[PDB]
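Peer 1: next one to model:
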Amino acid sequence: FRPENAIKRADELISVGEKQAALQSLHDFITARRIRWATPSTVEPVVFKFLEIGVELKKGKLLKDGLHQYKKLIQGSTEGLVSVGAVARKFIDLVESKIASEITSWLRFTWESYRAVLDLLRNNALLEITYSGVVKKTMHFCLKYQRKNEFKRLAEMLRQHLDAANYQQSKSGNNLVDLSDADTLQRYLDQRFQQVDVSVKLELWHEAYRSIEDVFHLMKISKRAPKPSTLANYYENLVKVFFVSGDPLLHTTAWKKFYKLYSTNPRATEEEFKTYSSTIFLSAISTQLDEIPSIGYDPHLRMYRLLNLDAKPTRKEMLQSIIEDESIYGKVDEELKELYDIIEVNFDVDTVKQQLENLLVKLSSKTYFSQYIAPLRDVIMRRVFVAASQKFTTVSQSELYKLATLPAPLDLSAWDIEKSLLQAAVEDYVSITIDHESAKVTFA
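Peer 2: Numbers count the residues shown, from 1 in each chain. Below is the structure:
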């Protein structure tokens, strides 16, 4: 019949308190078999009314069924797909106004709404823009309401979506997503870039880590480069991830990738180049000694390829690739260069406590130095134990342990020191026999 008549009958049915009968009346109209031929433009207002009522009554299933059934009828024309996307947007704007007005079941309703719209707009060339919009809105929603569980499921949904796109690539059907086109990719990559950001901000490190692989695969296929802003943010997220992760070589790498990209910004102060360069160098000195093959087991081995590295580097290699690169080594604080001399170049155990004692007063004031104190200490002490292994045959525990006591803030209690000595022995940086009877240590 007529849309005006439909709206009227709805408005009348709400006055009698038959709200559900009104929603159900509109559903019938817009999912009617005659809608396939109707002008999308002139039925869309009824779909809008259907959405208005459906949101108030929180009838999520009927809304979903309404949209899907309507789209199947209408998606034949270009104007049809346009109406679909427009009705998707209307739905989202309606529920998004309800969160503004409002509540637990309202958040879940909102999630289910975002989810439904995304699953409705999935893998359609004409709806790529609206979908990419809803993805961004959905990720902003999860971060804004710390909905970590739903976020994890969202991420999985986006993965399944892309898997279907890839399967459909070799099908040449109309209105199918073309993963060959850079604009399509620019959006998909932007979504995955944002997926990583929210992951990091919600401290879901396992999910952050999975999304790095998601992003990488899109960067591979992508011909067109991303915005240097959004890419710089990405690398800045990787520095966070790999620090939490305990992969220090990857951490330095993410920093270098970020430094190399930030040195091409017009608004980049010299004070920043000072502190960033310093951070990068310290984190490379602060890296665990790989001067001996690992125990060894490493579940993060695949990640080197994900950071575009052909293979796992050494700390010596990384540290040299930092010293040689003048763009970085140039703006590095002097204290760190001296440190590098003291620990890596000319290491003398008989003088290291002193060198460090004179250098740490200046180093402690540095902002970045605070967060690398532990691993650095570990490195220095490892070196001290190795060199001590070279210096003694049977040394008193008193002598050895005090000789391995760095100055603050690298200081350690005597028992934590023996603890380090044994760890070095387990990793075979030294073989020892400790006689607790005599309070002596023998390197045999």
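Peer 1: strands along the chain, start to end?
Peer 2: Ranges of strands within the chain are 394-396, 433-435, 440-442, based on DSSP state E.
Peer 1: partner strands of the last one, with direction?
Peer 2: In the sheet containing strand 440-442, its partner strands are strand 394-396 (antiparallel), strand 433-435 (antiparallel), by DSSP bridges.
Peer 1: roughly how far is it from the heart of the chain?
Peer 2: Computed by CA atoms, centre = their mean, to the nearest Å, the chain-centroid distance of strand 440-442 equals 48 Å.
Peer 1: helices of the stretch 1-150 of the chain, start to end?
Peer 2: Using DSSP state H, counting those that start in this stretch, the helices found in the stretch 1-150 of the chain span residues 3-15, 19-30, 44-56, 60-74, 78-101, 104-121, 128-144, 148-168.
Peer 1: quick check: angle from the third one to helix 104-121?
Peer 2: Yep, that's helix 44-56 we're talking about. Interaxial angle of helix 44-56 relative to helix 104-121 (axes from the mean of the first three to the mean of the last three CA atoms, to 10 degrees): 150 degrees.
Peer 1: would you mark the buried spots in helix 44-56?
Peer 2: 44, 46, 47, 48, 49, 50, 51, 53, 54, 55 (16 or more other CB atoms under 10 Å). No exception for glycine: its C-beta is placed from N, CA and C like everyone else's.
Peer 1: show me what it is packed up against.
Peer 2: helix 3-15, helix 19-30, helix 60-74, helix 78-101 (3 or more CB pairs under 8 Å, 6 or more residues apart in numbering; DSSP states H and E).
Peer 1: so how far is residue 427 from residue 389?
Peer 2: 13 Å (CB to CB, to the nearest Å).
Peer 1: what about these two, which has more around it?
Peer 2: residue 389 (20 against 16; other CB atoms under 10 Å).
Peer 1: that one contacts residue 428, doesn't it?
Peer 2: No: using CB atoms under 8 Å, residue 389 is not in contact with residue 428; the gap is 11.1 Å.
Peer 1: my read: residue 376 touches residue 410, true?
Peer 2: Yes: with contacts counted by CB under 8 Å, residue 376 reaches residue 410, the gap being 7.1 Å.
Peer 1: okay, now residue 59: neighbour count?
Peer 2: Residue 59 has 19 neighbouring residues, counting by other CB under 10 Å.
Peer 1: wait, it touches residue 23, no?
Peer 2: Yes: with contacts counted by CB under 8 Å, residue 59 reaches residue 23, the gap being 6.0 Å.
Peer 1: contacts only, for the residue nearest to the spatial centre of the chain.
Peer 2: Against the mean C-alpha coordinate of the chain, by CA atoms, centre = their mean, the closest residue is residue 196 at 2.8 Å. Applying CB atoms under 8 Å, 6 or more residues apart in numbering, one finds that residue 196 lies in contact with 208, 211, 212, 214, 215, 234, 237.
Peer 1: farthest pair in those residues?
Peer 2: 214 and 237 (13.0 Å; CB to CB).
Peer 1: state the number of residues packed around residue 238.
Peer 2: 26.
Peer 1: ok, now residue 61?
Peer 2: Counted with other CB under 10 Å, residue 61 comes out at 10.
Peer 1: how about the one 3 residues further on?
Peer 2: Under the neighbour criterion other CB under 10 Å, residue 64 is assigned a count of 19.
Peer 1: residue 384 too?
Peer 2: For residue 384, the count of nearby residues is 25 (other CB under 10 Å).
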